[PDB]
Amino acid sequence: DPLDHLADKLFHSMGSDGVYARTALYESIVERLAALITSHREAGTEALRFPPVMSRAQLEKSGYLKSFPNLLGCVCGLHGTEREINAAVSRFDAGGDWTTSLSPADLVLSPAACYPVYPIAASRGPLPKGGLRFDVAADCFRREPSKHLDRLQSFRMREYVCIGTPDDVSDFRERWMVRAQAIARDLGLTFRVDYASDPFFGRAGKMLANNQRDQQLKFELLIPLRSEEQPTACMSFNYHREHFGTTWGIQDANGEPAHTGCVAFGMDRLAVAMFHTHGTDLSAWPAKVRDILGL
């Protein structure tokens, strides 16, 4: 794979595909990319930072099981008494399987950064005129082991989220489709934009994906990393219509179920794209890109 040669300078093995330790070089660029994205944050945006876990009940309510059940990571633990726990441990020592004693917690690993923001918005009552805008970030988890450097199980997501009327969100959407492309251009990256679909699960998932692609609810910015025919989505814009507004009882200023939309930046894909494009020697990066990043 064309990205494989980057591993030496960017990552160390942690004994699991898609889960790597990040070198200082790599993290320095992740941090500069985050600062760049922050510099483009629109007026009136509230910033929240989420941990890598979220409430299982919230995610169930979000509909995640009807879309991507195969991708979810659930937190489980040894919940028994001292004797029960000791028994599980003893089986491990004996060469048996301690994990049969695991039981689910009330937590899952967050699959995307935006989910916790909707019940937070809903808790404040009806939206003001113009809606609400959020800047959210989380370490996210997708259960899809791969050896490719652009397909990780644990990765950082940064999103700007708009919650408001259909006009509020469509205005936000037009703006961020332009801004995301301007950011990629300033970073010296080659890309195209296309409509796409989320990887919905199963046969019902085929209909969902068709509808999403037909309705143009998902825009992706695609960067050729391993090939031009199989480019990698590094930014997306997702229009959810009234899905989350209805789910969480969010009312816009007109008393209607709110629409929501988000622009998502895959921070680790963008970092890998930068290194693939510009190499691992920062001193040689294009002057304009170094300037844009504040190097």
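The numbering used is simple: start at 1 and walk along the sequence shown. Between two forms, the rigid core is defined as the largest C-alpha subset superposing within 1.5 Å.
- Kindly name the stretch, out of 145-153 and 91-99, whose CA atoms are displaced more from this form in 8 other deposited structures of this protein after the core superposition? This comes out as 91-99, the stretch further from the shown form in 8 other deposited structures of this protein.
- Query: Between 157-165 and 77-85, where do the CA atoms move more in 8 other deposited structures of this protein, taking the root mean square over the structures and residues after a core fit?
  - Reply: Relative to the shown form, the greater RMS C-alpha distance in 8 other deposited structures of this protein belongs to 77-85.
- Task: On mean C-alpha B-factor from the PDB entry, just flag whether 283-291 or 19-27 is the higher one.
- Result: It is 283-291.
- Query: Is the mean CA B factor in the deposited entry higher across 233-241 or across 262-270?
  - Reply: Averaged over C-alpha atoms, the B-factors run higher in 233-241.
- Could you say which of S154, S123, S110, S146 has its CA atom at the highest B factor, as listed in the PDB entry? When the deposited C-alpha B-factors of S154, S123, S110, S146 are compared, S123 is largest.
- Task: Pick out which of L102, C162, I183, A138 has the highest C-alpha B-factor in the PDB entry.
- Result: By C-alpha B-factor in the record, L102 ranks first.
- Task: For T247, return the chain-relative third of its C-alpha B-factor as stated in the PDB record: lowest, middle or highest.
- Result: Highest third - that is where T247 ends up once the chain's C-alpha B-factors are sorted.
- Grab the CA temperature factor for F134 from the record and place it in the lowest, middle or highest third of its chain. For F134, the deposited C-alpha B-factor lands in the lowest third.
- Query: If you rank the chain by CA B-factor, which third does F201 end up in: lowest, middle or highest?
  - Reply: Tercile = highest for this residue's CA B-factor.
- Message: Taking only the Cα B-factors deposited for this chain, tell me whether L208 sits in the lowest, middle or highest third.
- Response: Highest third.
- Message: Which third, lowest, middle or highest, does the C-alpha temperature factor of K61 belong to within its own chain?
- Response: Its C-alpha B-factor belongs to the middle third of this chain's values.
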